[PDB]
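Undergrad: Got a structure for you, written out below as structure tokens; questions coming shortly.
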Amino acid sequence: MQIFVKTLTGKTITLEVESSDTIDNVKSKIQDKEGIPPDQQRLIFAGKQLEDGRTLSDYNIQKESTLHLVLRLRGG
Amino acid sequence: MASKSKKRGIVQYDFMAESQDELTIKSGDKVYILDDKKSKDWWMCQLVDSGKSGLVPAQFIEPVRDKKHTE
């Protein structure tokens, strides 16, 4: 599916990922797409911060939704 | 208190903070912008009622008067 992962910098990218993919693998996909360190990436959906070891299903995230990607102070 | 100029913002996104350094911001409440230039991604906000201060995502806080009412 496609989820709209919107970085805090305003870079809204449409990410193609499986509903059963881990947030870890999602970060890998974004690390391929834009090239961002997974640890630095904090995905927040509806106010829920997503853990690496959990999937899109663990937080009940439907496709074609907008997730906010807030980066750590790792890149600053 | 020297930081008496509390710039007012409104929290749009309901964000539950797990760490104490992070601020649990309930959607629809009021927050004070402590620092907004120290960092770009995470800002310092303080809950108006709860009095709790902490780090929150920049685009989760929308300053009042600024762009919330031009009508």
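Undergrad: How long is chain A along each principal axis, judged by its Cα atoms, biggest number first, in Å?
TA: Reported extents, whole Å, longest axis first: 31, 23, 21.
Undergrad: With angles folded into 0 to 90 degrees, how steeply does helix A:23-33 sit against the dominant principal axis of chain A? Use alpha carbons for both and round to 10.
TA: 60
Undergrad: Taking 35 Å as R0, compute the FRET efficiency from the Cβ-Cβ separation of A:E34 and B:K68 and round it to 0.05.
TA: Here the calculated transfer efficiency is 0.70.
Undergrad: Straight-line reach only, C-alpha to C-alpha below 23 angstrom: list the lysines that A:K29 could link to, leaving out same-chain residues fewer than 8 apart.
TA: Partners within reach: A:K6, A:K11, A:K48, A:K63.
Undergrad: What nm distance separates the two modelled labels at A:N25 and A:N60, each placed 7 Å from Cα along Cα→Cβ?
TA: Here the answer is 2.2 nm between the modelled labels.
Undergrad: Where the centroid of each part is defined by its Cα atoms, how far is region B:19-55 from region A:33-76 in Å?
TA: Result: 20 Å between the Cα centres.
Undergrad: Let me understand chain B better: what is its radius of gyration from the alpha carbons, and its Dmax, in angstrom?
TA: Rg, Dmax (Cα atoms, Å): 11.4, 38.
Bear in mind these aren't lab numbers, they're just calculated from the coordinates by the rules spelled out. Reconstructed Cβ throughout: ideal geometry from the backbone, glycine too, with neighbour counts over all protein chains shown.
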